[PDB]
Each structure stands twice: as C-alpha cells, then as structure tokens.
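Just the one chain here, laid out as structure tokens, in the form deposited in one PDB entry.
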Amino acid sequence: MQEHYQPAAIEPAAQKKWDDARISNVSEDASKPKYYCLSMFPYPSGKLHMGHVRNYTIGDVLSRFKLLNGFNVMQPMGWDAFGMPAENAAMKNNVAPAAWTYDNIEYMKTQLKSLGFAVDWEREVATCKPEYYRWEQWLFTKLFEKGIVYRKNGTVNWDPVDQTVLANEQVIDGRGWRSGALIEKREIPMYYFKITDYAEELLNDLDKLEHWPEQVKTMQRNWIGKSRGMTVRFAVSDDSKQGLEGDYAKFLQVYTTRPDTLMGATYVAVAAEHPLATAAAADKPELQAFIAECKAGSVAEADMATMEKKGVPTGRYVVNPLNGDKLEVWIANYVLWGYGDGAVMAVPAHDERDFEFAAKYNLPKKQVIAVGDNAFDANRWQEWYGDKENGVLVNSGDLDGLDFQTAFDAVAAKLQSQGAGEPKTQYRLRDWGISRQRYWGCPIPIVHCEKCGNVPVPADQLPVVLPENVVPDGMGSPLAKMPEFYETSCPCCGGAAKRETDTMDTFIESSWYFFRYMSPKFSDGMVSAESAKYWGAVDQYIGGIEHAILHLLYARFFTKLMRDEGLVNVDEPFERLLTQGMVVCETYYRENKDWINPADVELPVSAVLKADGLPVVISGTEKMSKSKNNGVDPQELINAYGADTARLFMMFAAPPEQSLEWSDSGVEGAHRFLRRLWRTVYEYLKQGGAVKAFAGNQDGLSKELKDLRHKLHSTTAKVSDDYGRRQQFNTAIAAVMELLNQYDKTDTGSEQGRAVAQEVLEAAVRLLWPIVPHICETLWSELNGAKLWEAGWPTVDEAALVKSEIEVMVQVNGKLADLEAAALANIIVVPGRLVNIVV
C-alpha cells in the first residue's frame, strides 16, 4: 500500500474496476428489487460547470447507497441537445450546430467518467438524434389526429431587424434585446398541446406526491390556478348601448371568485379589446390612446403583478342585478382579453388590487364583509379585508349574517332565478404552444397540402430527419430557406406539398426522456412494454429549482398522455423529488468594469491577478455565471485535487437544498480529510496488518472498546438515516469524522482492540463509499479481500447500543461515590450491588 494518498493513481484503476465488473450496467432482472435514481440530464453546452458536479454527485451518493443495500439501481445519463445555444455558437463560429453539439457531448462524457459516477452508459441518449425524436414526432401525429394537438393562429413578438420571434422575457420597453428595434405583434398559425383538458387531473394527482417538497406542489397549483367562482351578467344601461351589437348591447358578463361581495361592487373593468371599450372609445381620443397602449404591451406572468395598474373611465354604465346600483365601466390594463370574459368586477373593500386601484382614482369602497369586531379603515388596507373563512356579510340587505359558502349558494340562487348568472369553474392554465421558429430542433411532422390541408406524416415515413449540414446565418429560420427540405409530396394524394418549417419546443424532449432510458434502443415504440412494466416510474429525481414549474408539469402531462396511449402504467413519473440549491462565488474585476475569473486571481488583505501583481477589486458574491465571470471550472478542480476531493467538498459544504458557496479553504479541508482517511488505514495496517472484524457478544470488552463500538453503530444508524430519510449528506460526513476522532483517542493495541479497529475501518470506508468511492474502494481492498458491493451496507448491531445497567439494592438503617449519589436521589457501600444508608 502506498504511503501517501495519490488521487491520479487510484481513481482510474477504481473506475476500470467498476466498469470491468459492470456494476452500473443493469438490466430488467426480476430477481432483485429495482431502484430508478435519475438526475436532470444536461445541455451539451461545451463543458461541465459546478452546478452539474453538485447535481450528479448528489444523484451518485443516493445511487451508490441503494446499490450497497442490494437494489437493482439504474442511474442513466443523456444529453438535452436541442436548443438555441448550438444555434448561437453556430452563428459565431461558422460551424453546424450538430457538429458543435456532438463535440461537446464526447467531451462532457469524458468529464463525467472522470468523476466516477456509477451510471449506465449503455442507456445513453442524445435528444438530437433521429433515433430519439422520431417517437415524439410519432406521439405528435397520434395526438394530432385525436385533437389533443391542434393548430390555430397565435400572436407572437416579431423583430423586423433580427428576423426572429422573441418571448415577452426578451422584450424591453417594447424592443428587442439584441436588435433594439420596436417589436411587431403578428398572428401566425402555431401548434398547441391542449393541456387544459388535463388541468383537473394534473391538479388533483399532486396530492399523491407525498414525497414532494410542498412548495413545489404549491407552485404547480398556483400555476394551474383552478378557481370555483361565479359568472355574473350586468345589464347595460339604456343610456350606454350606442355602438354595441348582439349580447354586448344586452349585458356585460364578468367572472368573479368572490360573489359573496357582489353587493360591494362599485365599478367594473373591461379589457382593451372588449367591445364596450371599442364602442366607448369611438369618439374619445384619450381612450383610443389607452387601448393602443395596452395592445402594445408585453407583460409576462413572471412580473404581471409588478405592473403598474392603471385605467380610464368610459362613460358607459351597467346595472348590478342584486341591488340596482348603476356602476361605471372602466378600461383597465390588468384585464386580459382571453381570460374569462375579458371583463371583471371590482370590490375595493375586499380585494387588495381593487383597493389600490380605487385609492388611485378616488373610487368608492363599500364594505360588505365583516370579520368580528375589527374596525374598517377605508383609507388603509388590512389583511382581514380579503378573509373568506371567518367573515359574515354586512350592508348586503337580506344576505347579512351568512358566511362565505352559504352566501355563495345564496347569490347563485338569485342569479340563476332571474337568468343573470351561474357558477363556473376556470383555470389560469393556458394551452401549451410548441411551435418554434428556429432550426436546431425537432421538426414538426406535418405536411401542408393545398388539397388535403394540414396532414400528419405517416408512421412509416417517420422520422422527418432534421438536416445537420446547416450553418444558420440569422436572417430567419434556415428551414424556411431550404427548398430541398420543405418541398415534398403530400402523403395523402401524392401532389406537390410543403413541410412544416417550424420545430418543436425543446421542453418536449425533456418531457419523456425518463421513459426512453428504460429501452433506449427499442425501435417499435417510445418505450418497450416489458421495460416500462419493470422499472415503473422514477424513484428519486434530482434537479434544480428553476424547473419546478414548467418542466415538471410538462413531464407529468406527457406521462398521462403516454399512459392513456397504453405505453406506460404509471400516473406520475417522479415519486421523490430533491431540489438542489445554486452554487455562488465571489466576483473580481478591474475597472477602466472588466470582470476576472477567480481561477486566475490570487489573494485576507486584498487580491491580485495571478498572471502578475496588479491588484483586483473584490466585489459581491453571486451565482456562478458568465455575466460577472465568477464561474469556477470544475475541470481545474479535478486536475488539482482529484474527483473524490471535489465530490466530498460539495456534499459537505452545505446541505443539498441550501446554496453552496465556493471556498478555496473548504476544498483544501476536504482534500486534507482524504489524506487523514488514507493515513489512518495505512498506520493501522503498518502496525500488524488486517485482522477479522469484531462480531458477536461484546461482553468481555474493555469499557473503552465498548464505547467505540457504541459510537460506531450509532454512526452507522445516523449515516443510514441521513442517506435514506433526511438526504442531508453534510451531517453524515460529520458523523463519520466524529467516529474517527474517538478512534484516534482509543487504545486499539490489544488483540481485541485490533478487532474493534478493523470493524471501525471496514464500516467507515463503506459509509463514505457513496460520497468518495475511489479512495474507499482502494482502502477497502487493503482491509478486506471480498467485494465491497457484495459486503453490503454496514448493519447496525443494536447490542452495542444497549449500555450496561448499574443495578443494586438500597438499605436504610439495616432493612431494605457514583452509586451513593444515585441511591441518595431515590453509610459505606459494598463494592458491587449493595448500598447501606446509616441514618
């Protein structure tokens, strides 16, 4: 055994030992309990970053833990290859996105193999290969003829300079981020997944996810946004019907989730595209400018509540069908045309948004809800104004005294009696638009024929291969400029036809890749029936919190779609979910700001550039990114200390949910502990060699060795509970360090002492194997000759936890240090089990 810990010597040999044994290459063996541990597969951006290393180390710790407990563990890896990154690097390097993608895949695959992740590389997938996306094109065609996928016109943001479509997140003050030109709003036909049909199922099945973070389930419920409200129709006053036609001349229909406060409505608001706004603005220039300003907006839901709400009166009036109050209609900028009826009512006394809106324009506030003896200040909002559970109605006529639910049915009864309204259920969830005007993506299997219409590609002709011999210039979608691609024949009549040049949303490939891992070479479907029946669903899922809404909701949606097609048998894809925190680092620059990467900086007084001696400016600590040039390359971390030191540093610096801060001193400490672990096993084997680990009746051991066995098996139970239940790996590392400290302070020189020392070391290297498997595999082969994965997870000897009982009999006046203070708690004693009290 080498005296000093050398990572570059043991890590390749340990990885070769694991590959030759094929411990990670698992199949559908029905003679062993399966476990599907999955980490979110990465974009082949070029090289790994610290966020990747943390995620896949967390997944490998859990996978190796289940592996040591006898599970048939599958930990697959893959590449989310489609997207704008490859298209942007194409425009900057004059290289095809496919060639740029495949080079990154082979390089990042080399890095992942260097870290020693126990993954099944025989199940590797790449979403940009036709062997993969042929099946999402297949599901598209099946759902297209079923109506789940449909095609209709949708409004997009067009940049007339960059010649591309931009999202609302890419529109600043109505202009593009790169071009800076005023964006144009055009209606173009696009494809949609009718996800609203599964809205109630996607909402209620969240309750099954008992091992999901409650904030993630809460984030999905709010995004779905189911509300059980009331449709209310306000009769248009006879003096306000000019310019209106049809039902819009009869009434103004709104939707509200608080019909118990209908008596408190002081005004109503419509959208800019509402016919009431159109008729009222026909002769008012100030309203036409307000309607044009609303239509030219681009407020995303990530900041639609931070939008400055504003409105303008119209002069038209409607009638409240429950008290006769003549209410004026306003044009508001928060009423969205397409949500409900494009019109709402406002109760400023019990809705915080209507409160601020009314206080802005000095609009009346009518209290109709009272919660106890709480005072009502009309010039100050209080949280009890919007209470529903503990409130009764006031100033509501014959509705006073009722709570929320009874007044809900009471208002519904009156509205349905006169035909002025009825209950209704709605959802904030919109349909999923999947059309993208880019090249580097999965083609949409639709052929356009002027005789047959929008026709899906037959199953025999799939896939519609995306040509990889393309270098996008940027003046539009390259597929739209390639007649060799889109010109084809119609699959129904055989005449001249054009292919769909748009590609699919890249979230589609990540919505089902967890099923493809079960049979990534199955040529007859998305997933074979025998594999999906065996592996079932994903037991453990690890990924960042940024995907807690869209990606997870899309995966649950696709799971139910595939289930209803007889492909899979599960209702949910992910049983357990672990969201990892971000990785932050300090930033440095040199003004002239010119941010410098920390790997080239040398420092507690100040810091300076490693290339010379020019002092740098230390700035704030932020998440690692290319914005402030504070990303620390993980490859340099491996080249300096080895893979085990990197894994150990990330699992010990912070719990997985908590954000990890980069620290050069912390990396040195992790490497220093690995030296200590190596030195400990070496010094033990030098003074005698390996022996048989202690086992059996511990009675007869010294008090010192009994305490070391107590600390040992309590540490095993602590680590086992930290891996299985809490999933808090930094505390498990601390527990093993505490065991080694007591080992250092224990005389293990005797024959029975060596046996306990062997039991301590054989357990410590196995408890730390899921975290640092390279050095643990090497140290285990020096202490024991058997296979580590065949020895299994260390068992807890509960006999070593039961402490010795101090039993004796007390005696006061004849009849019935350490033992005297306990007896006096309830005069010389006998050194044994007898204490006499001379009173």
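Each residue number is its position in the shown sequence, starting from 1. Between two forms, the rigid core is defined as the largest C-alpha subset superposing within 1.5 Å.
Per the compared records, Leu637 is resolved in all of the other entries whose models span it, so no third of them omit it.
Where the other entries of this protein model the residues before and after it, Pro656 is kept in all of them rather than dropped from a third.
Coordinates are lacking for 4 to 9 deposited residues between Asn592 and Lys593.
Where coordinates are absent for parts of the deposited sequence, a chain break appears; between neighbours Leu816 and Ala817 it spans 10 or more residues. Comparing 215-223 with 165-173, the stretch with the higher mean C-alpha B-factor in the PDB entry is 165-173. Looking at mean Cα B-factors across 395-403 and 120-128, the upper value is held by 395-403. The PDB entry gives the largest Cα B-factor of the residues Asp238, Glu657, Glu738, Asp197 to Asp238.
Set against one another, the Cα B-factors of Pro598, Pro491, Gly229, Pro573 in the record reach their highest point at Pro598. Residue-level temperature factors show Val26 in the middle third of its chain, judged at the C-alpha atom. Remark: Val371 belongs to the highest third of its chain, ranked by C-alpha B-factor as recorded. Looking at the C-alpha B-factors along this chain, the one for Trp100 belongs to the middle third. When all modelled residues of the chain are sorted by CA temperature factor, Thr778 is found within the lowest third. When all modelled residues of the chain are sorted by CA temperature factor, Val616 is found within the highest third.
Although it is not shown, the form deposited in another entry is what the next lines describe.
Among the candidates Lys113, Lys284, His710, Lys498, the CA atom that moves 2 angstroms or more between this form and the one not shown after core superposition belongs to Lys284 alone.
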